[PDB]
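Shown next as C-alpha coordinates: one chain only, the form deposited in one PDB entry.
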(Lines give C-alpha, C1' and ligand atoms only; values in the text may rest on other atoms or scores of the structure.)
Protein backbone atom coordinates (compact mmCIF):
# COMPACT_ATOMS: atom_id res chain seq x y z
CA UNK A 1 0.00 0.00 0.00
CA UNK A 2 2.79 2.59 0.58
CA UNK A 3 4.67 1.51 -2.54
CA UNK A 4 3.05 3.96 -4.95
CA UNK A 5 3.83 6.86 -2.62
CA UNK A 6 7.47 5.82 -2.30
CA UNK A 7 7.71 5.60 -6.09
CA UNK A 8 6.25 9.10 -6.46
CA UNK A 9 8.91 10.30 -4.02
CA UNK A 10 11.51 8.50 -6.12
CA UNK A 11 10.17 10.32 -9.18
CA UNK A 12 10.59 13.67 -7.42
CA UNK A 13 14.22 12.72 -6.77
CA UNK A 14 14.64 11.73 -10.43
CA UNK A 15 13.56 15.24 -11.42
CA UNK A 16 16.66 16.62 -9.70
CA UNK A 17 18.80 14.84 -12.30
CA UNK A 18 20.08 17.00 -15.18
CA UNK A 19 18.41 16.09 -18.48
CA UNK A 20 21.05 14.84 -20.90
CA UNK A 21 20.76 13.24 -24.35
CA UNK A 22 22.01 9.88 -23.07
CA UNK A 23 21.06 9.56 -19.40
CA UNK A 24 18.04 8.01 -17.70
CA UNK A 25 16.73 10.21 -14.90
CA UNK A 26 15.90 7.87 -12.02
CA UNK A 27 15.41 8.20 -8.27
CA UNK A 28 15.99 5.68 -5.50
CA UNK A 29 15.09 5.50 -1.80
CA UNK A 30 16.49 2.90 0.60
CA UNK A 31 14.18 2.04 3.52
CA UNK A 32 14.51 -0.01 6.72
CA UNK A 33 11.22 -1.83 7.30
CA UNK A 34 10.00 -4.21 9.99
CA UNK A 35 9.71 -7.76 8.71
CA UNK A 36 6.26 -9.31 8.78
CA UNK A 37 2.95 -7.46 9.14
CA UNK A 38 4.64 -4.07 9.18
CA UNK A 39 3.28 -0.57 9.70
CA UNK A 40 4.46 2.12 7.27
CA UNK A 41 4.90 4.55 10.18
CA UNK A 42 7.74 2.28 11.36
CA UNK A 43 9.67 2.64 8.08
CA UNK A 44 12.97 4.50 8.41
CA UNK A 45 14.70 6.19 5.49
CA UNK A 46 18.27 4.94 5.18
CA UNK A 47 19.44 6.79 2.06
CA UNK A 48 18.31 8.44 -1.18
CA UNK A 49 19.90 9.13 -4.55
CA UNK A 50 19.26 10.09 -8.14
CA UNK A 51 20.95 9.82 -11.52
CA UNK A 52 24.04 12.04 -11.84
CA UNK A 53 23.71 13.41 -8.32
CA UNK A 54 27.37 12.48 -7.96
CA UNK A 55 29.92 13.59 -10.54
CA UNK A 56 30.24 11.51 -13.68
CA UNK A 57 28.00 8.86 -15.20
CA UNK A 58 26.28 7.70 -12.02
CA UNK A 59 22.97 5.87 -11.64
CA UNK A 60 20.35 6.47 -8.94
CA UNK A 61 20.96 3.26 -6.98
CA UNK A 62 24.70 3.87 -7.26
CA UNK A 63 24.32 7.38 -5.86
CA UNK A 64 21.97 6.17 -3.11
CA UNK A 65 24.57 3.68 -1.88
CA UNK A 66 27.52 6.01 -2.41
CA UNK A 67 25.83 8.79 -0.42
CA UNK A 68 25.51 6.40 2.51
CA UNK A 69 29.13 5.29 2.10
CA UNK A 70 30.36 8.90 2.13
CA UNK A 71 28.39 9.74 5.28
CA UNK A 72 29.89 6.63 6.93
CA UNK A 73 33.48 7.29 5.78
CA UNK A 74 33.96 4.15 3.66
CA UNK A 75 34.63 3.65 -0.06
CA UNK A 76 31.44 2.98 -1.97
CA UNK A 77 32.47 -0.59 -2.80
CA UNK A 78 32.62 -1.21 0.98
CA UNK A 79 29.18 0.22 1.79
CA UNK A 80 28.09 -3.33 2.63
CA UNK A 81 30.15 -3.04 5.83
CA UNK A 82 28.11 -0.11 7.17
CA UNK A 83 24.53 -0.57 5.94
CA UNK A 84 22.07 -1.47 8.72
CA UNK A 85 21.70 -5.17 9.51
CA UNK A 86 19.16 -5.91 12.24
CA UNK A 87 17.48 -9.33 12.05
CA UNK A 88 13.86 -8.13 12.52
CA UNK A 89 14.12 -5.32 9.94
CA UNK A 90 14.94 -5.58 6.25
CA UNK A 91 16.38 -3.11 3.77
CA UNK A 92 14.17 -2.40 0.77
CA UNK A 93 15.08 -0.16 -2.17
CA UNK A 94 12.49 1.70 -4.22
CA UNK A 95 13.64 2.88 -7.64
CA UNK A 96 11.62 4.25 -10.53
CA UNK A 97 13.12 1.89 -13.14
CA UNK A 98 14.33 -1.71 -12.96
CA UNK A 99 17.95 -1.85 -11.70
CA UNK A 100 20.36 -2.41 -14.56
CA UNK A 101 22.26 -5.64 -15.01
CA UNK A 102 24.38 -4.35 -17.90
CA UNK A 103 25.72 -0.88 -18.69
CA UNK A 104 27.05 0.69 -21.87
CA UNK A 105 29.94 2.21 -19.94
CA UNK A 106 32.40 0.04 -18.08
CA UNK A 107 30.80 0.86 -14.75
CA UNK A 108 29.52 -1.93 -12.53
CA UNK A 109 25.76 -2.33 -13.08
CA UNK A 110 23.32 -1.52 -10.32
CA UNK A 111 22.13 -5.08 -9.64
CA UNK A 112 25.71 -6.08 -8.85
CA UNK A 113 26.05 -3.10 -6.48
CA UNK A 114 22.85 -4.29 -4.78
CA UNK A 115 23.91 -7.96 -4.60
CA UNK A 116 27.23 -7.12 -3.00
CA UNK A 117 25.52 -5.48 -0.01
CA UNK A 118 24.89 -9.04 1.23
CA UNK A 119 28.30 -10.07 2.60
CA UNK A 120 29.66 -11.45 5.85
CA UNK A 121 27.28 -10.94 8.76
CA UNK A 122 25.37 -8.21 6.89
CA UNK A 123 21.94 -8.97 5.43
CA UNK A 124 22.14 -6.36 2.68
CA UNK A 125 19.21 -5.26 0.54
CA UNK A 126 16.42 -7.84 0.63
CA UNK A 127 13.85 -6.46 -1.84
CA UNK A 128 13.58 -4.01 -4.76
CA UNK A 129 10.36 -2.27 -5.80
CA UNK A 130 10.26 -0.47 -9.15
CA UNK A 131 7.68 1.11 -11.45
CA UNK A 132 8.73 0.08 -14.97
CA UNK A 133 10.24 -3.27 -16.02
CA UNK A 134 12.90 -1.58 -18.15
CA UNK A 135 16.35 -0.52 -16.91
CA UNK A 136 17.68 3.02 -16.85
CA UNK A 137 19.92 2.26 -19.83
CA UNK A 138 19.58 1.95 -23.58
CA UNK A 139 20.26 -1.80 -23.35
CA UNK A 140 16.73 -2.56 -22.14
CA UNK A 141 15.52 -5.99 -21.13
CA UNK A 142 15.10 -7.96 -17.93
CA UNK A 143 18.63 -9.17 -17.10
CA UNK A 144 18.65 -7.19 -13.85
CA UNK A 145 15.58 -9.01 -12.55
CA UNK A 146 17.06 -12.39 -13.49
CA UNK A 147 20.25 -11.65 -11.54
CA UNK A 148 18.31 -10.47 -8.48
CA UNK A 149 16.28 -13.68 -8.46
CA UNK A 150 19.44 -15.76 -8.87
CA UNK A 151 20.95 -13.96 -5.86
CA UNK A 152 17.92 -14.41 -3.60
CA UNK A 153 16.84 -10.75 -3.73
CA UNK A 154 13.08 -10.27 -4.04
CA UNK A 155 11.64 -7.78 -6.48
CA UNK A 156 8.19 -6.45 -7.29
CA UNK A 157 6.80 -4.23 -10.04
CA UNK A 158 4.42 -1.54 -8.78
CA UNK A 159 2.02 -0.59 -11.57
CA UNK A 160 0.32 2.72 -12.27
CA UNK A 161 3.18 5.21 -12.76
CA UNK A 162 4.78 3.85 -15.94
CA UNK A 163 4.21 6.78 -18.29
CA UNK A 164 5.35 9.45 -15.81
CA UNK A 165 8.43 7.43 -14.84
CA UNK A 166 9.45 7.13 -18.50
CA UNK A 167 8.65 10.76 -19.39
CA UNK A 168 10.92 11.95 -16.59
CA UNK A 169 13.60 9.35 -17.31
CA UNK A 170 14.14 10.26 -20.98
CA UNK A 171 13.44 14.02 -20.71
CA UNK A 172 16.81 14.89 -22.21
CA UNK A 173 16.52 12.61 -25.24
CA UNK A 174 15.99 13.80 -28.81
CA UNK A 175 12.88 11.74 -29.54
CA UNK A 176 11.61 11.26 -26.02
CA UNK A 177 7.89 11.00 -26.77
CA UNK A 178 8.41 8.33 -29.43
CA UNK A 179 10.74 6.52 -27.02
CA UNK A 180 8.15 6.65 -24.22
CA UNK A 181 5.70 4.98 -26.62
CA UNK A 182 8.16 2.22 -27.47
CA UNK A 183 8.66 1.50 -23.77
CA UNK A 184 4.94 1.63 -22.90
CA UNK A 185 4.20 -0.71 -25.80
CA UNK A 186 6.88 -3.13 -24.56
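Shifts are known only where both forms have a C-alpha. Here the rigid core means the biggest group of C-alpha atoms that line up within 1.5 Å when the two forms are laid on top of each other. Numbering follows the first chain given and starts at 1.
We do not show the form solved in complex with a small molecule, though everything after this point is about it.
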| What is the one choice in 67, 32, 126, 57 with a heavy atom within 4.5 Å of the small molecule in the entry with it bound? | 57
| message | Whether 97, 102 and 107 jointly form a contact site for the small molecule in the entry with it bound is the question; each needs a heavy atom within 4.5 Å. | response | yes
| request: Considering the small molecule in the entry with it bound, find the one stretch among 37-45, 146-154, 22-30, 117-125 with heavy atoms no farther than 4.5 Å from it. | output: 22-30
| note | Segments shifting between the shown form and the other one (at least 3 consecutive residues, Cα moved 2 Å or more after rigid core fit) are at 135-137
